[PDB]
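Participant: Structure in structure tokens, see below.
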There are 2 protein chains.
Amino acid sequence: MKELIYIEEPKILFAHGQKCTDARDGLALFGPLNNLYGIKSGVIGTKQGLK
Amino acid sequence: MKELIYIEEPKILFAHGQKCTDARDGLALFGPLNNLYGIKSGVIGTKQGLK
């Protein structure tokens, strides 16, 4: 008969200085830490792959 | 006494397929062909240089 301790869940730091436990719940509510203007995507492969 | 021949000024191409002779004016009215989202700049130098 032994006792288990409980360690409190850590928190991550999203935009606006806000904190949360789930990344999906912090990104959808507050946003990413730093902002970029867009993603210029390069693609390699067959035309079917590009489609 | 010799003669000369005139060569018409060429026209450069800009956004929306608009032709012009001056690059500055064509950029001012219509704009570039490309669509950059933004420029992320890295600065190297002393603190006075960064300022």
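Residue numbers start at 1 in each chain; chains themselves are named A, B, ... in the order of the structure tokens; ligands are numbered from 1 in the order shown.
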Could you give me, as a list in words, each residue of region 4-46 of chain A that DSSP assigns to strand (DSSP E or B) when run on this structure's backbone?
Facilitator: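 Of region 4-46 of chain A, only residues 12, 13, 19 and 20 of chain A fall in strand (DSSP E or B).
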Participant: Go ahead and write the residues just picked, N, CA and C atoms, as a PDB file, in the first residue's frame.
Facilitator:
```pdb
ATOM      1  N   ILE A  12       1.948  26.206 -21.321  1.00  0.00           N
ATOM      2  CA  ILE A  12       2.718  26.758 -22.424  1.00  0.00           C
ATOM      3  C   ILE A  12       2.238  28.180 -22.687  1.00  0.00           C
ATOM      4  N   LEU A  13       3.118  28.981 -23.285  1.00  0.00           N
ATOM      5  CA  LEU A  13       2.908  30.418 -23.429  1.00  0.00           C
ATOM      6  C   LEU A  13       2.567  30.735 -24.880  1.00  0.00           C
ATOM      7  N   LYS A  19      -1.637  31.802 -21.288  1.00  0.00           N
ATOM      8  CA  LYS A  19      -1.155  30.465 -20.990  1.00  0.00           C
ATOM      9  C   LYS A  19      -2.275  29.454 -21.186  1.00  0.00           C
ATOM     10  N   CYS A  20      -1.888  28.211 -21.452  1.00  0.00           N
ATOM     11  CA  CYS A  20      -2.844  27.127 -21.622  1.00  0.00           C
ATOM     12  C   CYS A  20      -2.106  25.809 -21.447  1.00  0.00           C
TER      13      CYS A  20
END
```
Participant: How would chain A read as a CSV table (one decimal) with C-alpha atoms, in the first residue's frame once least-squares superposed on chain B using all paired C-alpha atoms?
Facilitator:
```csv
chain,number,residue,atom,x,y,z
A,1,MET,CA,25.4,66.9,-93.1
A,2,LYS,CA,24.1,63.5,-91.9
A,3,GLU,CA,20.7,62.4,-90.5
A,4,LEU,CA,20.1,60.9,-87.1
A,5,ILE,CA,17.3,58.3,-86.8
A,6,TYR,CA,15.2,58.0,-83.6
A,7,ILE,CA,14.5,54.7,-81.8
A,8,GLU,CA,11.3,54.6,-80.0
A,9,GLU,CA,11.5,54.2,-76.2
A,10,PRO,CA,11.0,50.6,-75.0
A,11,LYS,CA,8.3,49.7,-72.4
A,12,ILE,CA,8.4,47.6,-69.3
A,13,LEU,CA,5.6,45.3,-68.0
A,14,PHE,CA,4.2,46.1,-64.6
A,15,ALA,CA,1.3,44.6,-62.6
A,16,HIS,CA,-2.2,44.1,-64.2
A,17,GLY,CA,-0.5,43.7,-67.6
A,18,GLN,CA,0.1,47.4,-67.8
A,19,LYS,CA,3.1,49.0,-69.6
A,20,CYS,CA,5.1,52.1,-68.9
A,21,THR,CA,8.5,53.7,-69.7
A,22,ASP,CA,9.6,54.8,-66.2
A,23,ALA,CA,9.9,52.2,-63.4
A,24,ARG,CA,9.0,54.8,-60.7
A,25,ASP,CA,5.9,55.8,-62.7
A,26,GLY,CA,4.8,52.1,-63.2
A,27,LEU,CA,5.4,50.9,-59.7
A,28,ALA,CA,3.6,53.9,-58.1
A,29,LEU,CA,0.6,53.5,-60.4
A,30,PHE,CA,0.2,49.7,-61.1
A,31,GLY,CA,2.6,47.8,-58.9
A,32,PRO,CA,5.1,45.0,-59.0
A,33,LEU,CA,4.7,41.9,-61.2
A,34,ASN,CA,4.6,39.2,-58.5
A,35,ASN,CA,3.5,39.7,-54.8
A,36,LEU,CA,5.2,38.6,-51.7
A,37,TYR,CA,3.7,38.8,-48.2
A,38,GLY,CA,6.5,40.7,-46.4
A,39,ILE,CA,10.3,41.2,-45.9
A,40,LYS,CA,11.7,39.7,-42.7
A,41,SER,CA,14.9,41.7,-42.3
A,42,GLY,CA,18.0,40.6,-40.5
A,43,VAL,CA,20.5,43.2,-39.3
A,44,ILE,CA,24.1,43.0,-38.2
A,45,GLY,CA,26.2,45.6,-36.5
A,46,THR,CA,26.4,47.9,-33.5
A,47,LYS,CA,23.4,49.0,-31.5
A,48,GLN,CA,23.8,52.4,-33.0
A,49,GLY,CA,23.6,50.9,-36.5
A,50,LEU,CA,20.4,49.0,-35.5
A,51,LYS,CA,19.0,52.3,-34.2
```
Participant: From a DSSP calculation on the backbone, collect every residue of chain B in alpha helix (DSSP H) and output the set as a ChimeraX atom specification.
Facilitator: /B:23-29,47-50
Participant: Please dump the current selection as a PDB file, in the first residue's frame; keep N, CA and C atoms.
Facilitator:
```pdb
ATOM      1  N   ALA B  23       9.938  53.249 -64.593  1.00  0.00           N
ATOM      2  CA  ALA B  23       9.761  52.192 -63.605  1.00  0.00           C
ATOM      3  C   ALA B  23       9.082  52.722 -62.350  1.00  0.00           C
ATOM      4  N   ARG B  24       9.473  53.917 -61.903  1.00  0.00           N
ATOM      5  CA  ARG B  24       8.912  54.473 -60.676  1.00  0.00           C
ATOM      6  C   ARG B  24       7.420  54.739 -60.816  1.00  0.00           C
ATOM      7  N   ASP B  25       7.004  55.333 -61.934  1.00  0.00           N
ATOM      8  CA  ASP B  25       5.585  55.607 -62.134  1.00  0.00           C
ATOM      9  C   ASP B  25       4.784  54.320 -62.275  1.00  0.00           C
ATOM     10  N   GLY B  26       5.294  53.359 -63.045  1.00  0.00           N
ATOM     11  CA  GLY B  26       4.593  52.094 -63.188  1.00  0.00           C
ATOM     12  C   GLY B  26       4.444  51.360 -61.870  1.00  0.00           C
ATOM     13  N   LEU B  27       5.480  51.408 -61.031  1.00  0.00           N
ATOM     14  CA  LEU B  27       5.380  50.823 -59.698  1.00  0.00           C
ATOM     15  C   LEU B  27       4.368  51.572 -58.840  1.00  0.00           C
ATOM     16  N   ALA B  28       4.345  52.904 -58.939  1.00  0.00           N
ATOM     17  CA  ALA B  28       3.430  53.691 -58.119  1.00  0.00           C
ATOM     18  C   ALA B  28       1.973  53.428 -58.482  1.00  0.00           C
ATOM     19  N   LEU B  29       1.648  53.393 -59.777  1.00  0.00           N
ATOM     20  CA  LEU B  29       0.250  53.245 -60.176  1.00  0.00           C
ATOM     21  C   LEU B  29      -0.233  51.804 -60.056  1.00  0.00           C
ATOM     22  N   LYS B  47      24.975  48.723 -31.939  1.00  0.00           N
ATOM     23  CA  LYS B  47      23.656  49.180 -31.512  1.00  0.00           C
ATOM     24  C   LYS B  47      23.266  50.479 -32.203  1.00  0.00           C
ATOM     25  N   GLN B  48      24.237  51.360 -32.449  1.00  0.00           N
ATOM     26  CA  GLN B  48      23.962  52.573 -33.210  1.00  0.00           C
ATOM     27  C   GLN B  48      23.518  52.242 -34.628  1.00  0.00           C
ATOM     28  N   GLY B  49      24.151  51.243 -35.247  1.00  0.00           N
ATOM     29  CA  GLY B  49      23.724  50.819 -36.571  1.00  0.00           C
ATOM     30  C   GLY B  49      22.306  50.280 -36.583  1.00  0.00           C
ATOM     31  N   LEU B  50      21.950  49.485 -35.571  1.00  0.00           N
ATOM     32  CA  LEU B  50      20.586  48.975 -35.480  1.00  0.00           C
ATOM     33  C   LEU B  50      19.588  50.109 -35.293  1.00  0.00           C
TER      34      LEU B  50
END
```
